[PDB]
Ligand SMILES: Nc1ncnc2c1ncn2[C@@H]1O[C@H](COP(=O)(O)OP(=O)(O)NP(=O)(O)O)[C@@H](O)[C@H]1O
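Single chain ahead, written as structure tokens, the form solved without this ligand.
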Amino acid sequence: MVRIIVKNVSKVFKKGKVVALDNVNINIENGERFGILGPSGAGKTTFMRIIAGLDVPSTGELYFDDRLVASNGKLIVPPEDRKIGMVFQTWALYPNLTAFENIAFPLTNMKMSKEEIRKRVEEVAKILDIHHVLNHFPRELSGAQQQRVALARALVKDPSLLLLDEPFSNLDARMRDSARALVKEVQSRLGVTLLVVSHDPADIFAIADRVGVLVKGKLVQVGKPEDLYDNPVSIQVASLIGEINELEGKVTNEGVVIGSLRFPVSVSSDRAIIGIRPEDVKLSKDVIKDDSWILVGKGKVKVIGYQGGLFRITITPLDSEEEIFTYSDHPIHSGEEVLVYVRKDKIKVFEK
């Protein structure tokens, strides 16, 4: 419902000594689901605060449609006038207001009568299925209910933009898929532009259609989540978007050599960084009969972990301390020599 133009936006702290954002440029389209991933919670939150109007660019400009809302150290349109709904891990519910009172709060000075406020709060509460707990204080609500009250609070003034900063991090892991699905449903129903920032790529894959990755205050890649996943511009982006094994080796005519492993790829430099995701690795004790996998050499099991009902098997090549982990239905015990296969088209390689 609103287009966001981020034009050469920079943000410094400590009188210039810290550069949290460095010349960020993004054009977010009306109704787009956009995500930001990156190593710095603070930097991502800084970006989010600038979009919300809780902070301003040190240099550069920010537009909502064609309206200049902030520019070069000046706040031009404050948050309450930007048609934004915020679901921020750091913006909690007021503990001594009931759910109703929490949801009604943003309407206090919106020139609405008592009945108008009640009708609006009840309407939103019904849609988010918390109408029946409106009289409860937050402490007496379940985690999912608190999430829903926070979302109702964000939606009560009918925003054009929904901003989410670590929105599911208060919830038990088991409840997050439901919460992500609810946010997806809300966005579809309202058609709001949506911006989500998170440390967790699962939030990005679930909700965002286009994602930018922030490293050291710089937007280093922008694209569909699957494109960042399969075609990352760097090993750092590769790891931000999902699990990956990072190995360093020597470039040779026969491939990149890492001890007893050799990957059939090359780069122009003397050494290379190999990226291979755990799903793109398979181990065996003898050759397999499957031409969709290629042999890269021998390895030895170093250690096994157990997670999600699967065995996390870590190997190293012979004559190397570099590690590769993968997940399996069955264990291969520590010290065992194995053959290492990978998906050829999934090997990522970068110059060192």
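A residue's number is simply how far along the shown sequence it sits, counting from 1.
Mean temperature factor over C-alpha atoms, higher-scoring stretch between 172-180 and 194-202: Stretch with the higher mean C-alpha B-factor: 172-180.
Mean Cα B-factor comparison, 76-84 or 99-107, giving the higher one as deposited: Result: 76-84.
Criterion, highest CA B-factor; candidates, 117, 215, 222, 233: That would be 215.
Top Cα B factor in the deposited entry, candidates 313, 288, 70, 283: That would be 288.
Residue 340, C-alpha B-factor rank within chain (lowest, middle or highest third): Bottom third by C-alpha B-factor.
Residue 346, C-alpha B-factor rank within chain (lowest, middle or highest third): For residue 346, the deposited C-alpha B-factor lands in the middle third.
B-factor third for the C-alpha atom of residue 333 within its chain: Bottom third by C-alpha B-factor.
Among modelled residues of the same chain, the CA temperature factor third for residue 302: CA B-factor rank for residue 302: lowest third.
Third of the chain, ranked by Cα B-factor, where residue 294 sits: Middle third, going by the recorded CA B-factors of the chain.
Heads up, the form deposited with this ligand bound isn't pictured, but that's what we're talking about next.
Site status for this ligand placed as in the deposited complex, C-alpha superposition, 2.4 Å backbone or C-beta test: Blocked, going by where this ligand lands after superposition on the site C-alphas.
Region of this chain that lies against this ligand in the deposited complex, out of 24-32, 41-49, 290-298, 64-72 [heavy atom, 4.5 Å]: Stretch 41-49 is the one.
Touches this ligand in the deposited complex: residue 170 (any heavy atom, 4.5 Å): Judged by the heavy-atom cut-off of 4.5 Å, residue 170 is well away from this ligand in the deposited complex.
4.5 Å heavy atom contact, residue 340 and this ligand in the deposited complex: Taking the distances in the deposited complex, the answer for residue 340 is no, it never comes within 4.5 Å of this ligand.
Exercise: residue 166 in contact with this ligand in the deposited complex, heavy atom 4.5 Å: Yes - in the deposited complex, heavy atoms of residue 166 and this ligand come within 4.5 Å of each other.
In the deposited complex, residue 89 touching this ligand (heavy atom, 4.5 Å): Contact with this ligand, yes.
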